[PDB]
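Novice: There's a structure below that I have some questions on.
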Amino acid sequence: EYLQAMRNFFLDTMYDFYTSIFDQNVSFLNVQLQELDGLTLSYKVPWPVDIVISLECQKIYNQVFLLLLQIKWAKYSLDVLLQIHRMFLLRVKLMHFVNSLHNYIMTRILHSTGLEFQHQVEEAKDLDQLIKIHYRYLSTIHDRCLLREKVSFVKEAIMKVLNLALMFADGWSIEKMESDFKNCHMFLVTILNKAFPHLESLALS
Amino acid sequence: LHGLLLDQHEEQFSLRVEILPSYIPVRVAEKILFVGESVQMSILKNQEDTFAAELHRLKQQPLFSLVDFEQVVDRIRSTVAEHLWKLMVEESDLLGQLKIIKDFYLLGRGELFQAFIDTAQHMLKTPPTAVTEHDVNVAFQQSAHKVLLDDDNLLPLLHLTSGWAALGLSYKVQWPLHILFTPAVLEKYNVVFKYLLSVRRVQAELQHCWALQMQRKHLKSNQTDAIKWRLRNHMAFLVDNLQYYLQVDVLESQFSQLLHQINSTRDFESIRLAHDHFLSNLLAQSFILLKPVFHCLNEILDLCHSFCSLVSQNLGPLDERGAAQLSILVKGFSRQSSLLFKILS
Amino acid sequence: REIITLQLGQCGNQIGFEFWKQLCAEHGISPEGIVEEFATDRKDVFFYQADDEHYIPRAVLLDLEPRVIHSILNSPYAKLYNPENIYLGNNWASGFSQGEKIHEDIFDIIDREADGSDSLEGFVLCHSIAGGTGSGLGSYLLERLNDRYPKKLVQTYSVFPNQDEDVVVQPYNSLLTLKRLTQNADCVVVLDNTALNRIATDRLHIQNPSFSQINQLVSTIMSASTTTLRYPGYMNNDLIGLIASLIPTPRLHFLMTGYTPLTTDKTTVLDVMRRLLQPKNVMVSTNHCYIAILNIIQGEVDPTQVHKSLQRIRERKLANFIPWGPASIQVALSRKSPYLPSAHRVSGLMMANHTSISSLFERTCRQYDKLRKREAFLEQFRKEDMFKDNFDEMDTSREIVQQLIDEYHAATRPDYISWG
Amino acid sequence: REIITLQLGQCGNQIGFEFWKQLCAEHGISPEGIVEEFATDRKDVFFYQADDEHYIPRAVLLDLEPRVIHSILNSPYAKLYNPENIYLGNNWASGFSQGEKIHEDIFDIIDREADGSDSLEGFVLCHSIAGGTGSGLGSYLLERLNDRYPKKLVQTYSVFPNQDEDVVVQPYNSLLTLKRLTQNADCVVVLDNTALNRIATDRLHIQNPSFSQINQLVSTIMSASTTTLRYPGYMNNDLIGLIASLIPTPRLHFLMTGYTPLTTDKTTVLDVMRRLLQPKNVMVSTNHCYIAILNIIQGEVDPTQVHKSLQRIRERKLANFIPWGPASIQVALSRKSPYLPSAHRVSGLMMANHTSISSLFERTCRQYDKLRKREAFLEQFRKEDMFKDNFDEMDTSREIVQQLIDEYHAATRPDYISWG
């Protein structure tokens, strides 16, 4: 139950939680959590579960939590607004682009393997092999997620389109965003053209 | 009994002259190895104590006789091969896998291997074997998906090492549940698959180059019966269509014999003889064994490719110095077609 | 967050009452209002967490000369909700004027329920296009919500009551109400009772109780549209995040509806996918082309071959999106809720921005145009003359909807790199 | 690949409906359209893989002043197929002119079904030679298919309705339609209802329901002709590969039909081989000689003594092929399909290019010639005069068919090293 609750804390109820961060104070975060970058949010692991759940597991949960905040920042910023017309051209060409991106990280990685991982942890038979079944989930979902492999050839596109989410919020000039976008999108596709088999679930657009 | 290997302490692993007795014949020495290998893969344990008692009885006797001893080793071998046959035929569905092997290797299915030539015509050129290699697998999987087949297409894969005639088919079988299929068996299957692919490839050209009725005599009175290639188009088609209807019988006889033989036998060791005859018959009857007659057939296939290339571009009848090529073609066709009727004499 | 439901008109109050009975059966609440022991999802999107340990639903009922509202009242699902928002002609101008004279106290009803909530996310309106009492009144009060509340979102659920053709003042009321739906609404869900009635008469032997089963269909579509908000899911658990993706331009915001089971009396997602693209599954029906498609699938299936199904549908090569835009089918998956027995629990829905409805807009435009030309079918009531003696509001609605038809046709084409 | 069936005329729609009921009984489909659990062969040659999990057959029904099409409609095999291609005089000129005036919308029906498919291999036409409503209309639209589609193949299934002799305008319509079948068709399957009716009255005691059992015979011949395409075989699983081998010249493309069982109420292939060469087995009947023969045998036999049977037939020395060509009997073997009970499952068919039909062509030529000489049996309707006042189309058809008769006779002889 605790292992379930971790990946539902890091990453309805959480939408109210997110809007207050959309709008540092270390006590405000503490009272909101118990009710995109930075963010001291954590829960203590009691000792009978601290000898199975490791310290470096919380860090991986925090990696994906921080990244999900950045994704939802871009997605929500292009979803909270109601050369001139070209804005709308710049809207849908970017509002799709994050929506596909969020569709890849969650469904292909964090919903397939998690739905399997519940079925995996119920087949463990001791304290000790639970650790190994857990560590053979962490070190591979951390690899499927773009955090440690090719993080300057694929990830930099995801980082540079996050600046567009701030520039477009300011603008709510126009051509200098789509000239950037069509550049980096085709860079991503002409590097993604190597599809290694898992790359194909997004080598699509 | 236990299946233990390396019971020899230097006086899967192969046989050797120091562990091979010659006063006991070699044919029983191979059966001993077979009996030993099969335990690890088994209903030998159930009767095991009975086979212990025999051996213990053979331990007691002060005199040795080959006549009694050979019967005991052959009887143990008989029951072991029966145990293998009982499981592979029924619970691993060996016969249904033979159907798949036939469908994709002897080209006993035609949807994939027509659409694959339709959706890829770039393997006529030499492959870099790293872009073409990805492309052939992509074309294969995309062609299958149009109408059904969400099931299989895990076991068959392509393996490209021109790009049509160095292409292979990498398979997989259940390795614990099948030992009748090893790399060499599927290698023979690869060779026959490539030859049948070559013939299917040239027939696609023949049916494509045929538009004599569609556009080349319809709505036009054309330049035919003045400038024409004499309609050798019809004649080149028949000599391969007939060899090819013959190929159909060459395949189907062996397939019927295999699926008749397997029901009769109930030991796996006899099944091995049946299959090792099946492959050898297919080889020589399709003339895949290198012979001068097979090289005549390959020369015919080369001339067919070269003739189809001309009549493709020609569409409505035209002399573009194509008569120079046509003279070579009629000469070579006459010469080699005459040699096709000295192999029956 | 917290979303308030406003129902007006006789047809709108009927489909709202059916939806509230649907969520009464769906969630763990009595016909009394109290939470039950089979409640735990989010119950604060439509139900005010009241102080009675009752999850009292936020249902604002407004009417003008009510008839069927009394039949709604004498039922155990009209004391299901009672936060004191229950309140007691046939033309657009007459309904507009009658909504003008009594706007203050019902707007005070709106204000009381608005400050009564902890938070506000949207006002969703139950409406029927040219429904008589609903028309005019709904357009006027829709303008007053868009005037008084610019920080909140307005959604409109609207049906077109037509028994396969027809009222001669109906194209005027639909033209004027559609002008209000264009410039005072954020998202409009439009359905055709003709196509739904034909499919309903086809699928079963219902012909006389067609309207009652149509209420069940609309209630299931509404509950499936808000299931990911009511039940703990992942994405767009506010209204605005759901609404934002389908709309590329705030005038193409009219969404076509789809529904996979043609009767409900075990498949993969691939089958229902290749089903619901085809117009045997569309319940509301040059070649007119989708701008963007959103799909929500709710069923008991094992969700990984969805990427495989996207592979298969991609290279089956059925449908293409828009020239100027790199658009995509947008897909969400949810679970079908318990506490209602349904054979074949796989049920699919599509919310899609389609240009085909422009033709149907033009159909209404053509009808209004010919009645404008003949001038014997505007039916000359004194309310229409007193409301507008010049009838230039019809001309304004006509020029706005003609610019809308041109914008539809230019967005279908690659003339949305240019202007039309 | 994927082949679309077009049926027109009353007789053509009847034999098409019989063929579609035959494939409904043959394959694992309901009278509803859905795939069953006894389906798995290829079902995409004639049935569009539709999105209903229904294999909906590709059956394009066209008509002109329909009568029996309504009797086709009120039956459970007219809702077997419904992809929306169902559409609702007695002379060749009148049918030509009536097909001229309505060609656009039915050609749009053809275009809709043509782009509706993933792929296209051929358009196969159900027709009856001088059938009244079918004649003229079918020739005109056949010309329009050959004009509009030069990349696709056209096959024509045609029967000659004659109750053992006769209509006096029938030789004119057959001459004109045969001109269109020569220059606008790729393969024409021609049958004689006289010879088939005589064999049918001989084999059983059917004399009044002869036409209904003739529909069963034509349906079995059609299903056996396409069985190797519908069921997984080896060779010519496109139409064009099957059509290509029998035709040495695109004007000798009219094929004689054969059928081995004379009634169907265990033999080797040798017996049915030496049977089907002899004209007791030919259902459509100097010495006129075969150019090429193709045989398809479907039965439950053990296929190796086929080479032995070819040995025996070779040196029985029955038949010789053509002087100029080194031709050969071409043979394919298939299995008779399940889900229809048939005593003596051995059934043989021959598709053969024969010059004997030239005599029958000349028979029609002679009939037309004598009616051309007398000029009291052209029956002088105003449609024929308005279509062609000079009647030079009959002269063009006559000179083309006379060149065809001469080409037939020269191909029989060794004067196809020369020209005739």
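By order in the structure tokens, chains are A, B, ...; within a chain, residues start at 1; ligands start at 1, following the order shown.
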Where does chain A meet chain C within 7 Å, residue by residue, with the nearest atom pair and distance in Å to one decimal for each, counting only C-alpha atoms, listed by chain and rising number, as JSON lines?

Specialist:
```
{"residue": "A:12", "atom": "CA", "partner": "C:237", "partner_atom": "CA", "distance": 5.5}
{"residue": "A:15", "atom": "CA", "partner": "C:237", "partner_atom": "CA", "distance": 7.0}
{"residue": "A:79", "atom": "CA", "partner": "C:244", "partner_atom": "CA", "distance": 5.4}
{"residue": "A:88", "atom": "CA", "partner": "C:248", "partner_atom": "CA", "distance": 6.7}
{"residue": "A:92", "atom": "CA", "partner": "C:248", "partner_atom": "CA", "distance": 6.0}
{"residue": "A:93", "atom": "CA", "partner": "C:326", "partner_atom": "CA", "distance": 6.1}
{"residue": "A:96", "atom": "CA", "partner": "C:327", "partner_atom": "CA", "distance": 6.2}
{"residue": "A:112", "atom": "CA", "partner": "C:304", "partner_atom": "CA", "distance": 6.0}
{"residue": "A:201", "atom": "CA", "partner": "C:307", "partner_atom": "CA", "distance": 6.8}
```

Novice: Within 10 Å of chain B, which residues belong to chain C? Use only C-alpha atoms and report them as a list in words.

Specialist: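 So the residues of chain C near chain B are residues 308, 309, 311, 312, 313, 315, 316 and 317 of chain C.
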
Novice: Write out the residues from the selection above, keeping C-alpha atoms, as a PDB file, in the first residue's frame.

Specialist:
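Result went into again11.pdb, see below:
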```
ATOM      1  CA  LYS C 308      -0.250  -1.559 -30.864  1.00  0.00           C
ATOM      2  CA  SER C 309      -3.732  -0.487 -31.906  1.00  0.00           C
ATOM      3  CA  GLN C 311       0.230   1.255 -34.864  1.00  0.00           C
ATOM      4  CA  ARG C 312      -2.456  -0.740 -36.676  1.00  0.00           C
ATOM      5  CA  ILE C 313      -4.815   2.196 -37.220  1.00  0.00           C
ATOM      6  CA  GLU C 315      -0.893   2.054 -41.125  1.00  0.00           C
ATOM      7  CA  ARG C 316      -4.390   0.942 -42.011  1.00  0.00           C
ATOM      8  CA  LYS C 317      -4.374   4.534 -43.384  1.00  0.00           C
TER       9      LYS C 317
END
```

Novice: Which residue gives the smallest distance to chain A among B:131, B:232, B:212, B:279, with only C-alpha atoms counted?

Specialist: B:131

Novice: Taking into account only C-alpha atoms, which residue in the set C:15, C:405, C:296, C:270 is nearest to chain D?

Specialist: C:270

Novice: Please, which residues of chain A lie no more than 12 Å from chain B when the count uses only C-alpha atoms, and can they be set out as an NGL selection string?

Specialist: :A and (193-195 or 197 or 200)

Novice: Hey, list the chain D side of the contact with chain C: 10 Å cut-off, only C-alpha atoms, answer as a ChimeraX atom specification.

Specialist: /D:50-53,118
